[PDB]
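Take a look at this single chain in structure tokens; it is the form solved without the DNA.
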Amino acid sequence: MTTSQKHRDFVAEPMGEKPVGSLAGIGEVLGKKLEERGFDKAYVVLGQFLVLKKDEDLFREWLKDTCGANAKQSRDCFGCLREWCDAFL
């Protein structure tokens, strides 16, 4: 496994009411930005991911544009949501 502990913990179970900070790649700095933009729960971000038809380029771009995530951070968050969906959607 080369994933973050955060990734493993998030992909292992339904997300429910988890804050955006539970997402892999989303540390406190990106988290605060997301929240201020209205993305206050991981499921709201899951929502954007689905509205964008799980497209990697658009989602990672959306993340960069919304909270200034870098390549590694957006890749980690994308991977997190992709795997979660493969497991529970």
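Don't overthink the numbering: it's just position in the shown sequence, from 1.
Same protein, other form: the form deposited with the DNA bound, not shown, and the subject of what follows.
The DNA is not shown here, but in the deposited bound form it comes within 4.5 Å of a heavy atom of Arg75. Under a 4.5 angstroms non-hydrogen atom cutoff, the DNA in the deposited bound form lacks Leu46 among its neighbouring residues. Although the partner is absent here, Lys41 sits far enough away that none of its heavy atoms falls within 4.5 Å of the DNA in the deposited bound form. Contact between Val29 and the DNA in the deposited bound form is found at the 4.5 Å heavy atom cutoff.
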